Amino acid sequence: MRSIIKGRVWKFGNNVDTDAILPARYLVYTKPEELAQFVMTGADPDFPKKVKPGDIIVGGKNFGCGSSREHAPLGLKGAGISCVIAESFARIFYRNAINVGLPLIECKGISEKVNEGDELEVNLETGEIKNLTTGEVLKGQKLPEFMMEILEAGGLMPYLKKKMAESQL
């Protein structure tokens, strides 16, 4: 589980909905490997041609808004997106993402301080964000240790297996 993430940024704006992230026509697919091929194609039909595993997505307010669509974060995960940093996240998208093991970070003002193509360093444990391209540094909201453990585990289900293997009732 890399606590500290360095990657180049793909940028998206406000109210980017689950249709932008994973179009309805791909709901036929349930595997992350399949879904990875179609990430963000609602917003940019060529996106899967540009993105590389390890890249970071930066979004505006209310990223992932819309009704539940687990395929959306599952696809980002499958594509190797290292994390998503946004001004804010829709609530359903947010929990779905943490539970599939996709790190998310809220950072007010991120939209003003990062450009598409910039290189970022993100410390998940502290929320500190460094724009390497520009030298600017920001303070996002850290992931608490409790949530780092879920992420480190790979998501909720593998998290559960570990917790149950260690129980005693």
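When you see a residue number, it is the position in the sequence shown, counting from 1.
Of the two segments examined, 150-158 and 16-24, it is 150-158 that shows the higher average Cα temperature factor in the deposited entry.
Set 33-41 against 114-122 and average the Cα temperature factors; 114-122 ends up higher. Across the options 103, 144, 59, 54, the residue with the most elevated CA B-factor in the record is 144.
In this PDB entry, the Cα temperature factor of residue 127 sits in the top third of its chain's modelled residues, the highest group.
Residue 64 sits in the lowest third of its chain by CA B factor, as recorded in the PDB entry.
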